[PDB]
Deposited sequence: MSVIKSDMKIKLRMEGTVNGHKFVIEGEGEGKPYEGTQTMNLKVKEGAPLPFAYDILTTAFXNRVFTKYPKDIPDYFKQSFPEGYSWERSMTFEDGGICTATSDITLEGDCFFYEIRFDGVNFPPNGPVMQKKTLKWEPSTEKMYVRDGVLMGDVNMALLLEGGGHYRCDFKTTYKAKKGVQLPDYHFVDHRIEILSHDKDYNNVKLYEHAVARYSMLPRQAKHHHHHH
């Protein structure tokens, strides 16, 4: 397989949030079969970012998901040709983001080319006022729709003070070659900022993801 136990990552994101332009570059590595990955991210343009960094972090690759043998792995099967994804993020206060990513593989290194755009965030809301602490862990529901893979996930940002701020993700994952399609299943996630400097010009980011069916038996 072209997907090895250890792989490197490189990425570039260009984007806008409430009209503010930025560029972030990243480098990292992970373990595709263990479903883990870590990245170091640097703001190259647009510093200091005027919005909560957490809204970007899920845009920074389901290759890094532990898949059981009894669920076809849409993402690992897509290589060497790779895949792209498209996502909407609908926040409960009217903010909306779109993001797209093209994921290629060269040697032992994945390359992500990412575009991110966020509009209509209230100026005194938790995103523009940087009141978020983290995303909660989540469970994404994966299902085939019109020959490609969809994932929907109810996400929540934990806020300063302990409340939550909700966002609904819908992502379409699109292999560049025919791959064996999976039945309805779940991907559990936990994404975490491990460290950052004052204005998030430098961030270390981690994610762990594991695919499964329901653990509750039938009938």
Non-modelled portions of the deposited polymer sequence, in sequence order = 1, 62, 222-229
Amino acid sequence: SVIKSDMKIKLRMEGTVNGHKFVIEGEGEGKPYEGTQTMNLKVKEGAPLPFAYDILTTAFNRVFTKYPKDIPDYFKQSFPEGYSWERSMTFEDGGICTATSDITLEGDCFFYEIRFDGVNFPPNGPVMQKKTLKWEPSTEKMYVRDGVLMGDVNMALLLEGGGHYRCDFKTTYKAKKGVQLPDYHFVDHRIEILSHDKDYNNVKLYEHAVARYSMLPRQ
From here on, numbers count along this sequence of modelled residues.
Of 149-157 and 50-58, the stretch whose C-alpha atoms average the higher B-factor in the entry | 50-58
Comparing 140-148 with 102-110, the one whose average Cα B-factor in the PDB entry is higher = 102-110
Within this chain, which third does the Cα B-factor at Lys177 fall in: lowest, middle or highest?
-> highest
Among the modelled residues of its chain, the C-alpha B-factor of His208 falls in the third labelled lowest
What third of the chain, by the recorded C-alpha B-factor, contains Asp70?
-> highest
Ranked by Cα temperature factor within the chain, is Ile191 in the lowest third, the middle third or the highest third?
-> lowest
Name the third of the chain's ranked CA B-factors that contains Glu45, choosing lowest, middle or highest.
-> highest
